[PDB]
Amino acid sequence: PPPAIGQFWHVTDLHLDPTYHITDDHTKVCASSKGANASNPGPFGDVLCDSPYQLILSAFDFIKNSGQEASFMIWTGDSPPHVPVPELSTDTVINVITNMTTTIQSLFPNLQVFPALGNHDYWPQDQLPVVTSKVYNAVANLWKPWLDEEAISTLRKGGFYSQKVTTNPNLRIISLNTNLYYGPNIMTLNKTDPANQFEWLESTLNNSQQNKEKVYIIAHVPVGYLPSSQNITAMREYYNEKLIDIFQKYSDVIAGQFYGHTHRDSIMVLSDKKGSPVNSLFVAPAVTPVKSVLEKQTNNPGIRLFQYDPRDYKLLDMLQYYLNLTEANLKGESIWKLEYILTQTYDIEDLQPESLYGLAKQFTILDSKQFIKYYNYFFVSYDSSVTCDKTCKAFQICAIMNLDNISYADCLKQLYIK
């Protein structure tokens, strides 16, 4: 039993659409909808539209009014909205990051925050470079009030840094720019090691290894396989394999990992080369509810809070908060509710890797009531009469339990493939 509980927030993929507004021509409500009629728009947004400022605002207002205390906050990026490149620019990107960064800093003057860059936090999107740049330097200025000179230094070099936490200074947050590894990123094609991030990672980890230090990885694009499709890593396979090895090697140091990018609530469990679970990974869903017209599903906006043991930074639990957008628009109020408490709904001990690996196995049971939950929660309770066939479920399961491609294919073939 632990004598006090550490808590920190994780917010991601804010995707602000400064255009949003209610008007009678639903093609004009928000530029992110790209000309489509916004399905049923309200003051807190629309499924076809990125986040109106007031949604983003209510999310942070709920945190401040939450009645939870927190040592820090993790912010995994993607702040500009989904509109085509010509419609945007480097300066707009920066104004948007600036607004977010300021808005947070105003409401949370005393709170430390550790950002990571996402793939839309650049113009043109996804083209995050190896060497310094206007955006990298822009954010370094904006995030000074939360970071070292040492941190800040590397931040401008290639979009990344690492940082002891003020209120727990043997906890080091490592913020990675995994956008360097994202498919669409033309800057990094054919590069052995973009911005020497692997070198610096291997280096930064090895260093924490010795100094009795625990590490939390923060980043935007997760490692592993995208769970709602077949044999597609989120990053470039090549890098995913490379990163997994690194995490394998130093898993004793890493006490948790945290990502966004997918806009969905997901867990993953890294196993050692031997096949034994050794690191827990957590992909938090987005604040924006945005989606394609052809897509049945999306997320409800979401916000989450983690719990740790201040001694070893072991992960005790996670509480997932959300907005029932439809309701929130019907009432025209920000009723940020609690969706679930992780150890409660799944009836497991903690967030250790063995704990979660065990839950994963329970999912594999024919008609697992457990997996059913996990799939409601996967789209942040968005439709709850939602269902899932054997194949989709297989693609989820394998993703949760297999991070590198050997073991992901074994899991796929095992049951069954073209």
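Start at 1 and count along the sequence shown; that's the residue number.
For the segment pair 346-354 and 61-69, the entry gives 61-69 the higher mean B-factor, averaged over Cα atoms.
Set 117-125 against 167-175 and average the Cα temperature factors; 167-175 ends up higher. Across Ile232, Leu147, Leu305, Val290, the entry's maximum B-factor at the CA atom is seen for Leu147. Ranking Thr101, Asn279, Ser133, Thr204 by Cα temperature factor from the entry places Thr204 first. Annotation for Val386: CA B-factor lies in the highest third of the chain's modelled residues. Among all modelled residues in its chain, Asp252 ranks in the highest third by Cα B-factor. Annotation for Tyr225: C-alpha temperature factor in the lowest third relative to the rest of the modelled chain, per the entry.
Sort the chain's modelled residues by C-alpha temperature factor and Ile94 lands in the middle third, per the entry.
When the modelled residues of the chain are ordered by their C-alpha B factor, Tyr259 lands in the lowest third.
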